[PDB]
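Read through the structure below, which is laid out as structure tokens, and then see the notes.
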Amino acid sequence: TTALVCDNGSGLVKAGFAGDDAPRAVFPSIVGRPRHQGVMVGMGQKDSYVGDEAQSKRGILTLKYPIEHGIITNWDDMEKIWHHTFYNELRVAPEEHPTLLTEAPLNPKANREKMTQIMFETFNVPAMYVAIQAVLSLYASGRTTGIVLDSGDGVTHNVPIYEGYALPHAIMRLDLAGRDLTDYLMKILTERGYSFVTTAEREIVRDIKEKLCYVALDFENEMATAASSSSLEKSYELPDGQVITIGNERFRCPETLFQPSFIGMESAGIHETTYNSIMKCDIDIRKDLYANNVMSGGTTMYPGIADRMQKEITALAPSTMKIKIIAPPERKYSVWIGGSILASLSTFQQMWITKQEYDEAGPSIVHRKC
Amino acid sequence: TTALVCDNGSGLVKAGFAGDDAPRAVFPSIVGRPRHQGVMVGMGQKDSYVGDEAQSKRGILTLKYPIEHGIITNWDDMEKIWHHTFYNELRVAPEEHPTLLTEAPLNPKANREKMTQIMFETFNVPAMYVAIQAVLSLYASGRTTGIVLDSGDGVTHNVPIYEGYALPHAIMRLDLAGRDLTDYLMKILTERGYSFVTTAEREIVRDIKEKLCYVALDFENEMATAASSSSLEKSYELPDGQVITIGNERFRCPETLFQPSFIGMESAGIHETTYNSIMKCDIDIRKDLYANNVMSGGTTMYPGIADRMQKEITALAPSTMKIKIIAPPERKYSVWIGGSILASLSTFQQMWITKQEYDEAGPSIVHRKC
Amino acid sequence: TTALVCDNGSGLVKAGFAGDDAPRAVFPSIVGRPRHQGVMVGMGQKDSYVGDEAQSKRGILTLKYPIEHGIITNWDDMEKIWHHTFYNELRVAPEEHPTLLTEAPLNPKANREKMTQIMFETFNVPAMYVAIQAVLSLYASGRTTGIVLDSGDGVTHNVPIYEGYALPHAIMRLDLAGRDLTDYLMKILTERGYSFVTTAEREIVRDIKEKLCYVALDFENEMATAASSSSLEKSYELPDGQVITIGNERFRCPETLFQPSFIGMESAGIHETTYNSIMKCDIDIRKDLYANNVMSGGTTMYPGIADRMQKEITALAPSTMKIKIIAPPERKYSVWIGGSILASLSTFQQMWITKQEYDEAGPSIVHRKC
Amino acid sequence: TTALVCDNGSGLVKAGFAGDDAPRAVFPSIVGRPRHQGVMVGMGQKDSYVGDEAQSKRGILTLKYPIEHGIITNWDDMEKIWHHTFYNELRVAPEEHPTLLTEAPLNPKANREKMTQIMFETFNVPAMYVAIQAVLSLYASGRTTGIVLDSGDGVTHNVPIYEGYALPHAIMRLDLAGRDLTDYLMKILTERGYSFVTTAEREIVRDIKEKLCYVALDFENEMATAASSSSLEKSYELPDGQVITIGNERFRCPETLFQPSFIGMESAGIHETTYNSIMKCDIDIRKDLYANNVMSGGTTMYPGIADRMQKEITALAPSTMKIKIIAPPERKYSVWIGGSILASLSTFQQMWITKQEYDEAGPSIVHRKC
Amino acid sequence: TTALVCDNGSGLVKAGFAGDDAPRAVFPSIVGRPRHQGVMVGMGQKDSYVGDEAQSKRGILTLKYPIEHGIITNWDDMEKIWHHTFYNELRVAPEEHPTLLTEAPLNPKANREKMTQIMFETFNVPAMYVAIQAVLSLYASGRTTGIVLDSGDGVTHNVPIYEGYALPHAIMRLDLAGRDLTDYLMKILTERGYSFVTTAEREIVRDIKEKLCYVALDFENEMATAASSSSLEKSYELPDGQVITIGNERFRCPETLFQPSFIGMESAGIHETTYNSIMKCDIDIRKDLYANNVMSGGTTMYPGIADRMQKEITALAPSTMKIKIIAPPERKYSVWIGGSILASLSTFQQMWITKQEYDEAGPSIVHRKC
Ligand SMILES: Nc1ncnc2c1ncn2[C@@H]1O[C@H](COP(=O)(O)OP(=O)(O)O)[C@@H](O)[C@H]1O
Ligand SMILES: Nc1ncnc2c1ncn2[C@@H]1O[C@H](COP(=O)(O)OP(=O)(O)O)[C@@H](O)[C@H]1O
Ligand SMILES: Nc1ncnc2c1ncn2[C@@H]1O[C@H](COP(=O)(O)OP(=O)(O)O)[C@@H](O)[C@H]1O
Ligand SMILES: Nc1ncnc2c1ncn2[C@@H]1O[C@H](COP(=O)(O)OP(=O)(O)O)[C@@H](O)[C@H]1O
Ligand SMILES: Nc1ncnc2c1ncn2[C@@H]1O[C@H](COP(=O)(O)OP(=O)(O)O)[C@@H](O)[C@H]1O
Ligand SMILES: [Mg+2]
Ligand SMILES: [Mg+2]
Ligand SMILES: [Mg+2]
Ligand SMILES: [Mg+2]
Ligand SMILES: [Mg+2]
């Protein structure tokens, strides 16, 4: 039996089989529930859709992300998303496959415990392991030395690792990801006239963010550039036909990451959380962690940040240490690639949580086995 | 025990049997009472002629539609029309058949209640189920994604259905139909010299509108084209012998549908209530509601309406969207065809409002069962 | 050079000068020809007597109204009547005076066009303006908010006006006026034993009606009262010398106005056309349209109509509403008084249809200038 | 001279003089354009009435609010409304008075820009300041620690303010106000039969809502109470005369505010947007934002709002937190009262936007000066 | 001239007059500045609140401790805290009283130099003296022989003293105090669900630690106890209103002090730094320093450490030596009590650094006078 690696994140579930380098199931993890009066007899109107189905039939559905800020808020639907992923998208009875879930660091223990309990008492997988959603990024990037920076529709990490030796006192978790970027974009668009309120329109705002937003390289100059028109404005055609021209509010949606005094948070940007994470590391380590800031996650796929993070940190690091921002052009999947790599290594077969061990020690065995 | 489907509109009562695709009884719903003095010791002149009887004997009678503007204002003759439809055209036993009445949306609740009470206390049918006259149009056209326009002689109402799920918050009932067009025609004919005042002549005006009126593809240019004489004139030979030539006032009788400012109605034409009923729907829905503008009812059988409708909508829809008016040539009975289809569904035979339920919980069961 | 105004009704043609409150010329618009054989070489035997000249010699002539039911059915005699009105009572030079014709609403456009053609090719008046016969009544009453009611020698029309904005969708024309009341009186008189068949007989019947008919305030009470002989009889003396006593049929003749079933007509009485015209108007209008039921024409001079109409309307109006029928004593000429008023206004002099405009644009200018 | 405070809302223009506590001119902000055919050459027919004039002459005009959902959609008539409310209402040259307009939060920048450009290049006022419509509500209620709910006829927005420091990241704009309540009422009346369609009838429906509609204290209980007849029935007498008995549909018109699932809107009621606006504030601030829920705007003058609101909030707030709702009896004008107070303060006397600054930098000054 | 004794720690400033036994001014040393958007004109919103004034209005402020790890990091705000203490909390003039500051041992010399330079060139006090924060603890305890252990919110340092002769080669300093304990509690709390990030919530975390944390006696036994739930759990009530059950992590927050391998530090616990400080003394001293382990500072006020530090030391010290932990109940204010005892002494009255000596010797006179 081959090992199943499902990067169950807070945005779109990225699941697939081990060994490969591309997940087979990439669908937004939303559970849609109809809200309008349904009047048609012969139709098989399913009472709750999930995934790309509930993404394409939006105009009837009240979408509901079952994971808010990395943690699982609503279980009864995340169970349905796992059901869909296992059966209707991969077609593999989970009783005959190991499982490799993931979990952002610094999350409640109830989350991980109940994830294990569900995966063992509803799907009865033979073995399940949950790795940190940011160590697999290094396992994929091939290194064993770099301050990872996860992101994307959920939380944001900074997990320094010197030589496969994570420093659990310098993981600077921050919940300022694409979801808050979207809830700020759909609030700055209003200043122009376009009003998106529902969830089916929040998805349109997220698509605008995806294929139209870039990170400035000097915000206080891009602003003054946006005074007299330029190549800033770029029309986008909503799924009903009308267009939108967003000139100013396209390098302010992802620049919240570097200035969180916009959406109201206090904690500094993702350029200063990395620096504080490094300054929480030893002196014989900083001088080399400065040289590989391996990125990850969706949110870090802007045509900006991959090259402004370097300037922001060079304005903070000593002028001698060499700064490098490893920006793999596949970082959107680096976490699952790392999961699939780690699940293949033979040295890892001792790491699974066999069903016998869970049965003998209850669900609270993960806190020691992972 | 087969089901009975009778779309008792404001004009022609269209009754028949389920499964089949042609209404058995298609006759106008009028109840005439003789007004003159009958002096004949043998002629058994019954005090009321109903339907085609009163349509054939018009010079002696006082025709009176029982259904005015969708609602029922005179019950003691609609009851007689139902009795006639059952016992003289279908020649059936009502207590041995389920009934499927219809009703335009946004009608008073008292109308539904008294309708079901009559059906359960004057014919004692085992189970009757009413339905919105728009859903049956999609049932007939074999769709689930349309925006209906059923406008038969009493009302007009665009009910947008996306995928089996009606959007009750964005329907546009309009109180202007073939009857108001007939009134406007018998009022615009006096402009030329032909005087029709009585009801037996109003029926002649309606028969003029039916066959000699058409919708101008460009009304403000047709008004100038028909100024200088052309092939615009026609000639309808009245049942008296004298012929009349309705030159210009034949694309002005159906142009009220698009400019209701003619008969004083402040509301918008049937081309703009559709656009508003769409722009009240969701953005992820407008794209494929713009594509299926299923038309129903009689008044939408003018020669040039399925084209001017598309023109007027394209004049105000987003320029990158595809518009298409699904106009099946057999639309005049499309409501009843959809009714016969719906009563012939396996999953539908539970929706009936059985006589047991009415005797158990009173006539107000319909408001919650339909 | 002042202007002229001739309310060319179907009966008495009222003509005069713009500014005075008295039509100089009043005479029945009857044109008659001798029908017997005349053998008197010396006597000045005319060829065709018109107006009062023909009214005063009936036993020899055969009278002919050119304006039947409001429309001009005969042109080569209405032209004679206009010529007589201009060259025997007013004696004016039509080339030196503008004329203000009148017309009832909802009349064929042939009347308008041929009236303009006659006035601009047979009298060469500088400027003619034809106005509706109800707006003039409101002018004469000096109001701006009333529901007019004009009737005489065959026409009846309620034109509701709120503040100069005449509602063109709520006018209620009706051919149930003095001419038809006379035709019913000369047919009910044959019941008692008096025979009137010819046109001189019709004139005698009209003179009977004008001074011996009144509108009953309670039809059934009156029929039950006059069934037992009382003081209801009123002896009239024909010019022959025979005396007749029209006991009962002196309120049954003007009762057709409120029960048009007598002449077989189907349309409602004038007490109900008014209420239907009001219920065709808007809700913010009805409240103060009920309070001005301004009447006009001759047939509204029956000694009991200004109160029976109020009773009948109050019977079917909202109970908390005020119905103040404005029936001034000088209503028989209200149309022409309003004509003289609105022709003597400062800002009206631009409204005329000058001869230049007709010469440059044809006789079809009325349909746009009126 | 003295400053002008004109709370140009989406309903009634509530304008007046600063320092006082009563707006001199409250009148609905509608622009009526007559639609019927106006034929009376005597009247001085003003072609565009505006305000209470166009509210008194409704049966003739086409009422058209120039502000749809807080934003100004039609400028060319809002300019006329400003012209009227200055000259024909307050009789003051605008060039000799400072102006204090208001504007709901989260509105397009174009709105403020064009508002300032009009106020400076059409009336040439010496100085104009525009402030958010909730800060003024706090100024009026005296506090500096509240979470406003100013919701009148077009918008609804909770602006939490802890100590003079607004939290811009926690405003909840919602377009579910009086206008949508009125539309839902004129759509729900059709349950019984009363059919209001035109704008002169939309005004009647609004006048029904604002005096016979109350908010239930337990909606599911009141629905069942209304089954068996009780004091729920109330009679309103239309301006036409006929009365209507709105039995059940009088606590369903304002219950939309707490279940916007009725108009199909997805966003939760105004009882949950307040709670979300608070749960977006800080932990030590919620303690005394839960205690001052200052209410404002028209739509919060229903009888049973200030109690069902508190019930709903205590139903989802911590059981040890004190929930108060400051509902001042003069809350209809509280925004204008706050405006007058604010313009009557020395520390604000320097915060105007003088004509000099606008002339020197253009209309784009407001974005930074307000 | 009476002596002013202000003990500027890194937590709560404890100032007051000499002679007494309780500081008159105890308030957290935090300079807060607003971070939100102030929208008010009347309010006097000061730009930087300092002290417990900046603790009531905590939801608006970015609290910034001006003393990080004993040393003074930011000076422009520490000057403000001194300003507040001297004027708005004691109402004394600085040039009217001798000042007695303090300083933890082994701190940068620039710190003390600029402290004196401020006290003499900004406040211009007559005479100022700065003494170590442990010999004052000994004065307060009334001895001249003891291994002081001062540990409050910042640094932790042992200063062994045999008989008035401090041994400056055994002052084991370690920065693992209350501030690091709070930054570790707000990180161990995340594992349970409660997420505190901002400084305003970090103060709530510190207030949790203050009145809910206790030191275990056998850490492993307590951990094994917390597995099978016991009465360990307590419910603290945030100012939000909700309650938190911190079961396990209430003896893991103050057990970092004895196992610094939790925050990743390497230096031994405070139970072993005292032992190494003693073993750095002489043989004829240890046998008596083992008996006077005078505690001090805030963080030594747990319901734990005393009866646990005694055990941990007896597990290290030789058997026949006698270990006694002098733990007075006022050890929170021990440093200031000792300062007030010292400043009121005769012999000490020659130790002051008068303004005279500082002038003709520079700010570097402290390095010989202290
Ligand atoms: N091409 C892109 N450019 C910028 N942002 C993107 C892009 N694609 C996705 N995103 C953002 O990143 C998120 C996906 O992050 P991802 O790492 O897949 O989440 P998860 O960790 O839950 O799988 C999306 O919600 C979107 O907001
Ligand atoms: N061939 C036709 N062309 C144009 N209009 C027609 C035609 N046939 C019927 N109509 C109009 O349609 C009306 C009948 O519509 P219908 O759908 O039967 O009404 P209902 O829904 O009340 O049954 C008639 O009153 C007539 O005005
Ligand atoms: N005193 C009267 N009482 C009753 N009816 C009268 C009286 N005088 C005239 N009439 C009726 O009024 C009619 C005259 O109306 P007329 O003024 O010609 O109408 P119009 O204004 O359309 O020309 C006559 O035919 C006659 O029947
Ligand atoms: N007495 C009342 N009771 C209930 N609702 C009212 C009352 N008066 C007004 N309203 C509603 O409030 C609206 C007026 O709100 P208002 O705050 O004046 O609007 P604006 O903010 O534009 O001035 C009206 O449209 C009406 O629907
Ligand atoms: N009752 C208490 N229980 C436990 N810890 C406390 C208590 N009171 C204060 N503390 C801790 O001690 C610190 C105060 O120590 P203190 O000696 O006053 O600091 P400083 O040396 O800066 O004056 C606080 O930050 C808090 O973490
Ligand atoms: Mg993640
Ligand atoms: Mg129909
Ligand atoms: Mg007339
Ligand atoms: Mg407002
Ligand atoms: Mg201390």
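Labels for the structure tokens follow display order: chains A, B, ..., residues from 1 in each chain, ligands from 1.
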
Output the neighbourhood of ligand 6 as number ranges by chain, that is, all protein and nucleic acid residues with some atom at most 12 Å from the ligand, counting only C-alpha atoms and all ligand atoms. A: 7-14, 67-72, 101-107, 131-137, 149-158, 173-179, 296-300, 332-336

Can you pull out every residue within 8 Å of residue C:109, counting only C-alpha atoms, but drop anything in the same chain fewer than 6 positions away, and send it as a list in words? residues 191, 192 and 193 of chain B; 367 of chain C

Output N, CA, C and O atoms for every residue in the selection just made, as a PDB file, in the first residue's frame.
```
ATOM      1  N   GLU B 191     -59.561  55.978 -33.286  1.00  0.00           N
ATOM      2  CA  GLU B 191     -58.775  57.003 -33.961  1.00  0.00           C
ATOM      3  C   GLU B 191     -59.034  57.002 -35.460  1.00  0.00           C
ATOM      4  O   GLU B 191     -58.997  58.058 -36.100  1.00  0.00           O
ATOM      5  N   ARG B 192     -59.305  55.834 -36.035  1.00  0.00           N
ATOM      6  CA  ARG B 192     -59.514  55.734 -37.470  1.00  0.00           C
ATOM      7  C   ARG B 192     -60.978  55.853 -37.861  1.00  0.00           C
ATOM      8  O   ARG B 192     -61.282  56.396 -38.928  1.00  0.00           O
ATOM      9  N   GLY B 193     -61.890  55.358 -37.031  1.00  0.00           N
ATOM     10  CA  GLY B 193     -63.303  55.492 -37.321  1.00  0.00           C
ATOM     11  C   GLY B 193     -64.136  54.287 -36.946  1.00  0.00           C
ATOM     12  O   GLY B 193     -65.357  54.392 -36.812  1.00  0.00           O
TER      13      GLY B 193
ATOM     14  N   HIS C 367     -52.682  66.917 -35.521  1.00  0.00           N
ATOM     15  CA  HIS C 367     -52.329  65.776 -34.688  1.00  0.00           C
ATOM     16  C   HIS C 367     -51.053  65.995 -33.890  1.00  0.00           C
ATOM     17  O   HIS C 367     -50.756  65.194 -32.998  1.00  0.00           O
TER      18      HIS C 367
END
```

Give me, as an NGL selection string, the residues of chain A touching chain E, with the criterion being at most 8 Å (counting only C-alpha atoms). :A and (106-110 or 167-169 or 265-267)

Tell me which protein, DNA and RNA residues are within 12 Å of residue C:128, counting only C-alpha atoms, leaving out same-chain ones fewer than 3 positions away, and put them as a PyMOL selection string. chain C and resi 3-6+94-102+112-113+115-121+123-125+131+343+349-358+363+365-366+369-370

Within 10 Å of stretch 88-91 of chain B using only C-alpha atoms, minus same-chain residues under 5 positions, as an MDAnalysis selection string: chainID B and resid 4 15:17 24:27 82:83

Which of stretch 135-314 of chain A DSSP labels strand (DSSP E or B), written as a ChimeraX atom specification: /A:148-149,156,159,161,166,174,235-237,243-245,295

Would you pick out the contacts of residue E:213 at 12 Å or less, using only C-alpha atoms, so that residues sharing its chain but fewer than 6 positions from it are not included, and give the list as an MDAnalysis selection string? chainID E and resid 178 181:182 185 205:207 232:234 236 246:255 299:305

Computed gap from atom CA of residue A:58 to atom CA of residue B:368 is 27.1 Å
